[PDB]
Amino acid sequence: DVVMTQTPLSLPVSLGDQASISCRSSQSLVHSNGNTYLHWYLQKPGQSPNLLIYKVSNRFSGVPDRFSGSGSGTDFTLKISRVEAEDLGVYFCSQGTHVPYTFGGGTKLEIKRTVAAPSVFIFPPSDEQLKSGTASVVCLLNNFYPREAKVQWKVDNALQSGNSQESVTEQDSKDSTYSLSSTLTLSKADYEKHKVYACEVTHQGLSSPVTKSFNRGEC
């Protein structure tokens, strides 16, 4: 089996600049017929992969001038001159020379922007949810950059671990930011036994870790 090693795994690049994705094969991709069957694809979030470049440097019908490919044998490159917002997604390299056909691991293109601090919002559990046995506390970290942010659940100032699950959105096409949703799941009985519910947000956009809280029942 031919191993296709794509490098880097994540590529941070500012708007209007040039991106450079490398694909490295374990064996020569030159077929006996003389062709190098190395292709490049882009998979936009929620969508099927789309062909960008076929046979090392040929642009597929409708693909813009901005995308170009080069290389030979085992070392290959994909370049995107003057990167746009619609270029956001995962870039894959593929080989169609040797059976089984193989794909690279993927390179996620990241749009570099000025550091944005998260807007934190704490959400108490709805009474409809309480009146069924469970209680979900939800923390929201809205429009921040970079992705690296920590959430610490504090129930009566006691640090919570294992009872929560985080979720981050893919980079926004308009403002180039990320958003995070951390949900604290605990039984109604555990919920009524405590009063202070807070979430500690650690991010490089914030000098000091911001805490958003609410007191059970009371407004």
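Counting begins at 1, following the sequence as shown.
181 to 189 and 27 to 35 differ in mean CA B-factor, and the higher of the two is recorded for 181 to 189. Between the stretches 83 to 91 and 128 to 136, it is 128 to 136 that shows the larger average CA temperature factor. When the C-alpha B-factors of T202, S10, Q18, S22 are ranked from the entry, the top spot goes to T202. Based on the entry's C-alpha B-factors, the most elevated value among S57, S161, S167, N50 belongs to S161. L78: CA B factor in the lowest third of modelled residues in this chain (values from the PDB entry).
The entry lists a Cα temperature factor for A149 that places it in the highest third of the chain's modelled residues. In this PDB entry, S70 carries a Cα temperature factor that places it within the lowest third of its chain's modelled residues. In the PDB entry, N157 places in the highest third of its chain by CA B-factor.
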